[PDB]
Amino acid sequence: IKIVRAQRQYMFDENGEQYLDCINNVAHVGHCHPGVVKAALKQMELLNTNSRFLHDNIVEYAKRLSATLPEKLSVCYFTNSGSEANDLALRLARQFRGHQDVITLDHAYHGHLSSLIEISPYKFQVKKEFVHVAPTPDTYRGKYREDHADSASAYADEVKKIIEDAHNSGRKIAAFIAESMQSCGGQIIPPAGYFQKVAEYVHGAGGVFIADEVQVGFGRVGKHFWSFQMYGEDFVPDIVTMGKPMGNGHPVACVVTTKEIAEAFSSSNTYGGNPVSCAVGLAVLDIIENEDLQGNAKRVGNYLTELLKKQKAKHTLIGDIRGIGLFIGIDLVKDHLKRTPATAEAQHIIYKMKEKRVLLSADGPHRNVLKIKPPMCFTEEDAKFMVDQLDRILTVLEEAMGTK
């Protein structure tokens, strides 16, 4: 299985055999997009050296990013990775008032650096006194499920209790950080109202809200540019992080914050940005705009959701279809009474889908949630093909399991 070439939503092995890419969201506008390559080439022939001479590309990119965000999110710091962006977000939050503690979600994954291992319970084998883990707002397998009267308040009340317990111990809260939807956690979309209530409680403790959009930003949710905007025009994080999807896979990432948080940081340029990275970033924003990729994600996402609802109706292995736009999870279960993760069945389905040249993966803490997050040029034809291959595989698998 040796991939050597990729174009748009497809990958090719050394025999030129075509594979449907449902995995590499980082190739956000499509693999080897000529418009991105051209932007990179033009800037690489001129200048690849950082803004001690505040370069037109960097100024224009930061203005264009800021234009996609709420009013108060106006100051851009450029980094080389989603992980660097998250590390900077924790420093901006901790420097803001000198509070040290960070509240994170169960099964969160924020990146692979030292500072991020500490706040990424997905990767806990050693848990620090300055990190608190709130129950993940998962209404399928979490502490409060779809039958609860008000899971958004019940989950948000868990954060308020962490805050009260920390205050009672004389500790202070720098930040609450959440993936706007959890990737590794298994495609978790928090309930309506949850983030807004959490932000209110964190603001009461002098903390800030960090929204990690590293996986879910740039129009993937179809209905908005930013996954956090799902929660209404009145939900505004204090810090937003973004990763390599913004560069179509080039090492570029960004943190956007408020004047107030930036000024505290200034009181004690590495984050000025790179001309080539900003040329690539601008070409990505232009392509999302010119090719209606946010609209594509909305339409193809709605089509995928409808196909998968019909798959759920005839396949008992399907416990839950969740997601929005081109961010979808298919939660596979051994039984509906207990929602027991179908880990071994998920691994088998990925192997069988790969034999039919569909590339996907399984996440969630039990590795049972099939993940769909393709390059944004994924078509209804690609969606139908993928689901046709899945239907066949599920039918054969459930007939085998159901055999005396």
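Residue positions are given as counts along the sequence shown, with the first one as 1.
The deposited sequence places 4 to 9 unmodelled residues between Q125 and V126. Unmodelled residues of the deposited sequence between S268 and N269: 4 to 9. In this crystal structure, the stretch out of 53-61 and 33-41 whose C-alpha atoms carry the higher mean B factor is 53-61. Higher mean CA temperature factor between 350-358 and 333-341: 350-358, per the PDB entry. Looking at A264, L326, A152, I177, the one whose CA carries the top B-factor in the deposited record is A264. As recorded in the entry, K310 carries the highest CA temperature factor of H107, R91, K310, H203.
Split the chain's modelled residues into thirds by C-alpha temperature factor. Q294 is in the middle one. Split the chain's modelled residues into thirds by C-alpha temperature factor. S66 is in the highest one. Among all modelled residues in this chain, the alpha-carbon of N25 has a temperature factor (C-alpha) in the middle third.
Ranked against the other modelled residues of its chain, the C-alpha B-factor of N15 as given in the entry falls in the highest third. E158: CA B factor lies in the middle third for its chain, per the PDB record.
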